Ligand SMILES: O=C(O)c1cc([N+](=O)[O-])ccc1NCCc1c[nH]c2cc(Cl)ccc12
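Below you will find one chain, with nothing else, as structure tokens; this is the form deposited without the named molecule, and questions on how it binds or moves follow later.
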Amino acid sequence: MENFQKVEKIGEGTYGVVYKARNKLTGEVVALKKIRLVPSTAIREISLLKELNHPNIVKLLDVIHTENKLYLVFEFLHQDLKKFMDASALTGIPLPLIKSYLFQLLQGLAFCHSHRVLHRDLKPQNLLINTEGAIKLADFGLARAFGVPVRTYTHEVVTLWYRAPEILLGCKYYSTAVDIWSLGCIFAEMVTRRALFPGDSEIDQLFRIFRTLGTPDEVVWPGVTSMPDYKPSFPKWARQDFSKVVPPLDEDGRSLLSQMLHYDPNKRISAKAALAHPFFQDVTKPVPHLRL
């Protein structure tokens, strides 16, 4: 910790405060994350993450385990997708830039998923951008290390907006499909400039999904009626057209989004298969208009 000068609070993450900081010796600019107090399994899990290197994954530079305290040192990025989306709202992020960001996030997911590491808590706040037109996933793997809480250390409510239905229905065993669901939610949000499912409680989240995608049943999702928090008494809404859900997304994008939002996690498209979807045929890498 004391090898680092704090520059500014960037905010409060799921686990603790996050600071922009400078390495007092080398002068590296980093994101310094203090983790709420560790358990030996967390230590070993976190150490696995240090090897999990990819250009679309925010690089974990160091784990500092001293003073019976936990600090993670990450590559610093200057802006998140929430801020960029807010700043891009009058016109929306251009479609070629949305496609580039999606394509790159799918490459980051395909990499981590191939090593059997899930994120489990994707959201615009942990998708980070640079001036070179890259986008990167932050906090990959931390959920398995530390366990997603209802509120943060400072009592902020953790979003349910990107949570997959199998989590909301109480499944204990998450697959990589939960990441594809979240990213599909984020895809829809970039295109429409509104969150797809802005739930404010678990049942509101579920019922918003149900109203857009149809109440899931045994036809679309074998095994659904036997999940822990499924209730026979759930209302039965009908599905709406994607044409109505994500205008003005084109037929390729609407097709891909449908596959990312399949109820059954076993039918949901994988990151690798999604990279091959015709939506990405004409993918490019534009430079974003970034004000820092």
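All residue numbers are counted from 1 along the displayed sequence. Each form is matched to the other, and the largest set of C-alpha atoms that superpose within 1.5 Å is called the rigid core.
Residue 37 is a gap in at least a third of the other entries compared, counting only those with both neighbours built. The deposited sequence places 4 to 9 unmodelled residues between residue 37 and residue 38.
The deposited model assigns a higher average Cα B-factor to 79-87 than to the other stretch when 79-87 and 196-204 are compared. Taking the mean C-alpha B-factor of each stretch as recorded, 104-112 and 140-148 are not equal, and the higher mean is that of 140-148. Across 264, 251, 241, 229, the entry's maximum B-factor at the CA atom is seen for 241. As recorded in the PDB entry, 26 shows the highest C-alpha B-factor of the residues 225, 56, 26, 255. The deposited CA B-factor of residue 123 belongs to the lowest third of values across its chain. Sorting the modelled residues of the chain by their CA temperature factor places residue 21 in the middle third. Residue 156 sits in the highest third of its chain by CA B factor, as recorded in the PDB entry.
In the deposited entry, the Cα temperature factor of residue 260 sits in the bottom third of values across the chain's modelled residues. In the PDB entry, a CA B factor belonging to the highest third of its chain's modelled residues is recorded for residue 173.
The protein also exists as the form solved in complex with the named molecule; that form is not presented, and the subsequent description refers to it.
For the named molecule, fitted onto this chain by superposing the C-alphas round its site in the deposited bound form, the count of atoms within 2.4 Å of backbone or C-beta atoms is 3 or more, giving a blocked pocket. Heavy atoms within 4.5 Å of the named molecule in the deposited bound form are found in exactly one of 132-140, 195-203, 182-190, 94-102, that being 132-140.
Checking 249, 256, 245, 35 against the named molecule in the deposited bound form, a heavy atom within 4.5 Å turns up for just one residue: 35. With respect to the named molecule in the deposited bound form, the three residues 106, 120 and 167 uniformly fall beyond 4.5 angstroms at the level of their nearest heavy atom.
Though the partner is left out of this view, residue 160 does not reach within 4.5 Å of the named molecule in the deposited bound form, counting heavy atoms only. Remark: residue 207 does not count among the residues lining the named molecule in the deposited bound form, judged by a heavy atom distance of 4.5 Å or less. Taking the partner from elsewhere, residue 57 is found to have a heavy atom lying within 4.5 Å of the named molecule in the deposited bound form.
The closest non-hydrogen atom of residue 52 lies within 4.5 Å of the named molecule in the deposited bound form. Along 72-109, a non-hydrogen atom within 4.5 Å of the named molecule in the deposited bound form is carried by 72, 74, in order along the sequence. The comparison between this form and the one not shown, aligned on the rigid core, picks out a single residue among 69, 231, 239, 267 whose CA moves by 2 Å or more, and that residue is 69. Taking the rigid core as fixed, one finds a CA shift for residue 194 smaller than 2 Å between this form and the one not shown. Fitting the two forms on the rigid core leaves the C-alpha of residue 148 displaced by at least 2 angstroms between this form and the one not shown. Put the two forms on the same core and the Cα of residue 28 is off by 2 Å or more between this form and the one not shown.
Relative to this conformation, a decrease of 3 Å or more in the Cα-Cα distance between residue 32 and residue 150 is found in the deposited bound form.
Shown here is a form in which the CA atoms of residue 145 and residue 173 lie at least 3 Å farther apart than they do in the deposited bound form.
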